[PDB]
Amino acid sequence: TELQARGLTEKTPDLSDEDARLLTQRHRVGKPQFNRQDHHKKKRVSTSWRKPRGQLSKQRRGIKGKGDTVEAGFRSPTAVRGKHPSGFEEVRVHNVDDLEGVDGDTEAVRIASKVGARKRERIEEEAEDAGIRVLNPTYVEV
Amino acid sequence: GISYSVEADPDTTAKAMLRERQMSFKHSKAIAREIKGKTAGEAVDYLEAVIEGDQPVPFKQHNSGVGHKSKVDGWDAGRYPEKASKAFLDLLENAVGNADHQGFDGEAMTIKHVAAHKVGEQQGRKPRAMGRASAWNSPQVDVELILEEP
Amino acid sequence: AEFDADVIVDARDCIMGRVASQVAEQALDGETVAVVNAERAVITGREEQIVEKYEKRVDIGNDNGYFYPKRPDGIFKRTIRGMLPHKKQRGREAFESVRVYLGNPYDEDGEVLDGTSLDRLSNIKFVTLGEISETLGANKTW
Amino acid sequence: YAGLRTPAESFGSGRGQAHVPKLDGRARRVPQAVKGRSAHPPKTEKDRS
RNA sequence: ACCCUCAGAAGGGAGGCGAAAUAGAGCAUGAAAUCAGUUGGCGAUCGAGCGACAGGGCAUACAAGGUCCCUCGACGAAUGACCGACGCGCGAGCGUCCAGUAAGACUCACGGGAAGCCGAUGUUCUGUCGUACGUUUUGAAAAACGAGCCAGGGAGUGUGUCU
RNA sequence: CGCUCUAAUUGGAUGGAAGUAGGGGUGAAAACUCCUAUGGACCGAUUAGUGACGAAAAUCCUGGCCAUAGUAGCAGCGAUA
RNA sequence: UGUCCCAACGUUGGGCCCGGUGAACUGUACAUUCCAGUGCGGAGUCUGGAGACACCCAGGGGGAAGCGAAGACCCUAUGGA
Ligand SMILES: [Cl-]
Ligand SMILES: [Cl-]
Ligand SMILES: [Cl-]
Ligand SMILES: [Cl-]
Ligand SMILES: [Cl-]
Ligand SMILES: [Cl-]
Ligand SMILES: [Cl-]
Ligand SMILES: [Mg+2]
Ligand SMILES: [Mg+2]
Ligand SMILES: [Mg+2]
Ligand SMILES: [Mg+2]
Ligand SMILES: [Mg+2]
Ligand SMILES: [Mg+2]
Ligand SMILES: [Mg+2]
Ligand SMILES: [Mg+2]
Ligand SMILES: [Mg+2]
Ligand SMILES: [Mg+2]
Ligand SMILES: [Mg+2]
Ligand SMILES: [Mg+2]
Ligand SMILES: [Mg+2]
Ligand SMILES: [Mg+2]
Ligand SMILES: [Mg+2]
Ligand SMILES: [Mg+2]
Ligand code: NA
Ligand code: NA
Ligand code: NA
Ligand code: NA
Ligand code: NA
Ligand code: NA
Ligand code: NA
Ligand code: NA
Ligand code: NA
Ligand code: NA
Ligand code: NA
Ligand code: NA
Ligand code: NA
Ligand code: NA
Ligand code: NA
Ligand code: NA
């Protein structure tokens with residue numbers, strides 16, 4: 001009578017102490033929006049980042065308050081870069097064969113959006129039986 | 001054209017619409033704004049007074065250069081848009097009629113929703129001095145009305 | 001009429017600026033202050049130059065306006081306003097919780113703030129706000 | 001010759017208009033103009049072997 | 001189609017077809033600028049590159065994020081005391097000892113708590129910084145030049161030769 | 001990093017592709033990806049190629065649209081009807 | 001002899017209010033400003049103060065170095081006629 005997600009939704013990965021520490025750091029420190037300069041002043045200018053090139057650009061000159069400029073110094077820790085907030089490393093999956101070789105303790109699987117309901121059902125049931133969490137599970141009424 | 005922008009329960013509701021009316025869209029917003037919440041019958045009496053010139057329609061948004069009116073309460077500018085008002089009377093005559101053919105008491109129903117939409121312009125051209133012409137168009141207005149039982 | 005002042009200050013024979021500076025500091029700390037006997041407050045210096053300054057302020061102005069107070073009442077209050085960011089929310093709140101009075105409408109006798117009192121026996125070059133207002137043309141309503 | 005079959009000319013300064021070749025009050029020929037030539041198009045002469 | 005409405009082969013209402021009429025005639029999809037109505041936030045005593053970063057209010061169906069708060073305790077870089085004891089200084093105050101101790105960012109563990117609750121999103125308030133962008137220029141917020149807004153279009157290419 | 005089309009290798013889709021709208025996650029970033037709605041037929045990935053391949057600007061081009069504004073004009077003429 | 005001293009009253013058409021019709025110019029953004037200062041030496045927007053409750057009608061045009069026109073003057077170009 002209520003919606004329930006298929007699979008090991010609550011499953012968590014096991015990480016070394018150092019990894020969980022770095023994952024916690026990334027989540028705590030975060031980063032600036034890094035949206036293009038003045039995107040908010042002109043509708044025809046989108047948010048997508050572009051290096052400010054103006055010779056007089058206040059942002060390019062690094063004036064405080066004009067937003068941070070993309071730099072390698074803002075990179076996330078190597079050990080955690082790319083991990084789902086849960087700590088799992090994602091593995092894009094298109095079918096049942098893609099599930100092969102996947103470590104359910106270390107990796108979680110994300111079913112490509114294009115996969116239809118018929119194939120998702122199969123993928124979701126065998127992923128769970130392999131101890132693999134499905135980040136984007138189907139919600140069935142049980 | 002438009003489609004009803006608000007949901008309406010068929011069992012306690014009556015609908016009506018005007019299509020591509022060549023009248024002032026600005027006078028239409030003002031009129032709709034003023035009669036919403038009124039009784040169909042009240043609306044009819046109101047618009048007839050407007051047409052008669054005894055009742056002003058508050059012009060709250062499109063009021064540049066508009067002279068003040070003593071009967072306008074809580075505001076100053078107002079006018080007597082007879083054309084748009086006549087088109088609304090047609091709209092209400094239809095709604096109230098639809099309402100009656102369905103068993104309700106048309107006149108006593110509340111105007112739950114009323115709104116005008118500019119659906120286009122009948123384009124025109126006006127010759128000007130210096131061998132040039134400029135636009136001279138006519139607004140086309142759609143308007144929805146939903147009557148509801150008290 | 002009726003002002004729950006947490007502090008009632010007596011300006012009689014005190015240096016307007018030194019009192020104002022303290023009343024400002026206190027109002028920004030959340031205190032409700034009332035300055036009493038404003039007409040008897042005092043400012044050091046050569047009466048002639050002092051009066052020229054205030055007279056200049058009265059004459060200054062234009063259509064936009066420069067409303068400068070003539071009564072010892074407002075002179076003192078305007079003096080305090082200059083020590084507060086009166087255009088900011090916090091500043092206006094503090095300023096509005098301060099009121100100056102001609103004489104003392106209270107029962108209690110206000111207190112004398114430290115380092116604001118002027119010894120009449122060792123000072124001859126000073127003036128009374130009341131005297132200033134009389135020179136400015138104020139109506140001696142005290 | 002795609003886009004070049006026109007005698008369109010620019011009016012130059014004087015009418016608050018950009019210096020763009022026009023014909024019958026319609027811009028033409030230049031690459032930034034709709035119906036204008038392709039600036040650096042594919043070419044038959046190119047050796048694709 | 002039929003019926004009601006209407007000056008009415010208009011339009012509207014109801015109804016019928018079809019998987020779909022929000023496929024109903026320039027009718028596949030249906031962006032932005034923008035308009036009507038309406039929801040959330042602000043709002044008729046208050047100040048202007050519209051924001052970035054911090055932090056508060058209020059607002060939030062699910063999904064695709066799941067964290068967050070407080071007691072205590074563990075660890076604890078740089079830095080680093082009060083009080084008290086003694087000894088100096090005209091004085092503000094300083095010296096020795098207590099002590100590199102208590103403290104000390106992050107992180108973790110036990111117990112307890114939150115689900116509009118944490119993140120996030122909308123808006124608004126407070127703090128810090130802040131006179132667009134691009135170009136011309138020694139020097140541009142510029143009373144130097146360009147653009148009303150948005151979408152789409154809009155600028156190192158080919159042959160030959162040489163290096 | 002992203003775009004077009006070609007090739008090899010290999011996948012997705014009417015049990016709902018592309019696109020669009022709103023929303024969630026990742027990446028310093030170019031940008032990748034998921035969810036919900038809409039949509040109703042096509043769509044990728046890796047590798048090697050390909051090129052009429054990326055826009056905020058040029059009094060840039062074309063189209064659409066807002067304010068301007070219910071404003072100017074619909075008076076002036078020896079023919080005031 | 002209203003050109004002037006020195007302006008008045010009146011006439012007709014507008015102007016103003018109402019119905020109907022219904023454009024254009026112009027627009028980087030923000031914008032209730034004023035006095036000073038500063039700044040590429042001629043600022044609604046920077047700085048300090050002052051003033052400032054919102055909206056609307058009519059007016060005469062002080063400012064936006066107002067709008068309109070890639071300066072005709074002047075010089076420069078191994079420009080043109
Ligand atoms: Cl890198
Ligand atoms: Cl309109
Ligand atoms: Cl004044
Ligand atoms: Cl202030
Ligand atoms: Cl003395
Ligand atoms: Cl840490
Ligand atoms: Cl190049
Ligand atoms: Mg934008
Ligand atoms: Mg008027
Ligand atoms: Mg002609
Ligand atoms: Mg062409
Ligand atoms: Mg369509
Ligand atoms: Mg120069
Ligand atoms: Mg483009
Ligand atoms: Mg392959
Ligand atoms: Mg550019
Ligand atoms: Mg255009
Ligand atoms: Mg106007
Ligand atoms: Mg006559
Ligand atoms: Mg200021
Ligand atoms: Mg020139
Ligand atoms: Mg000459
Ligand atoms: Mg010559
Ligand atoms: Na208005
Ligand atoms: Na009124
Ligand atoms: Na009234
Ligand atoms: Na003094
Ligand atoms: Na004054
Ligand atoms: Na031709
Ligand atoms: Na060839
Ligand atoms: Na907030
Ligand atoms: Na330039
Ligand atoms: Na600039
Ligand atoms: Na300037
Ligand atoms: Na325009
Ligand atoms: Na190109
Ligand atoms: Na132009
Ligand atoms: Na005369
Ligand atoms: Na003016």
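All values below were derived from every heavy atom in this structure, side-chain atoms included, with hydrogens, water molecules and symmetry-related copies excluded. Residue numbering restarts at 1 for every chain, and letters A, B, ... go by the order of the sequence lines.
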Taking for each residue the nucleotide of RNA chain E with the nearest heavy atom, is it D/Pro41 or A/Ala5 whose nucleotide lies nearer the 5' end? A/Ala5
Return whichever of A/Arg53 or A/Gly67 has its heavy-atom-nearest nucleotide of RNA chain E closer to the 5' end. A/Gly67
Once hydrogens and angles are ignored, does a donor-acceptor distance under 3.5 Å link the base of E/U67 to the side chain of A/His27? no
Decide yes or no, distance alone: a donor-acceptor N/O pair under 3.5 angstrom between the base of G/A24 and the side-chain of B/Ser134. no
When all nucleic acid strands are considered with a 4.0 Å heavy-atom cut-off, which category describes B/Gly78: base, sugar-phosphate, or nothing? sugar-phosphate
When all nucleic acid strands are considered with a 4.0 Å heavy-atom cut-off, which category describes A/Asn136: base, sugar-phosphate, or nothing? sugar-phosphate
Rounded distance in Å between the [atom1] positions of [N] and [M]:
N      : M      : atom1 : answer
E/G104 : E/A81  : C1'   : 12 Å
E/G56  : E/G111 : P     : 28 Å
E/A31  : F/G70  : P     : 29 Å
E/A77  : E/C106 : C1'   : 11 Å
F/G23  : F/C65  : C1'   : 29 Å

Counting only Watson-Crick pairs (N1-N3 plus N6-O4 or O6-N4) and G-U wobbles (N1-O2, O6-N3), all under 3.5 Å, who is the partner of E/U71? none
Would you say E/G65 has OP1 or OP2 under 4.0 Å from some side-chain N or O of A/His84? yes
Measuring to OP1 and OP2 of E/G158, would you say a side-chain N or O of D/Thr44 lies under 4.0 angstrom away? no
With a distance cut-off below 6.0 Å to the six-membered ring centre and an angular limit of 45° from the axis, does C/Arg92 pair with C/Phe95 as a cation-pi contact? no
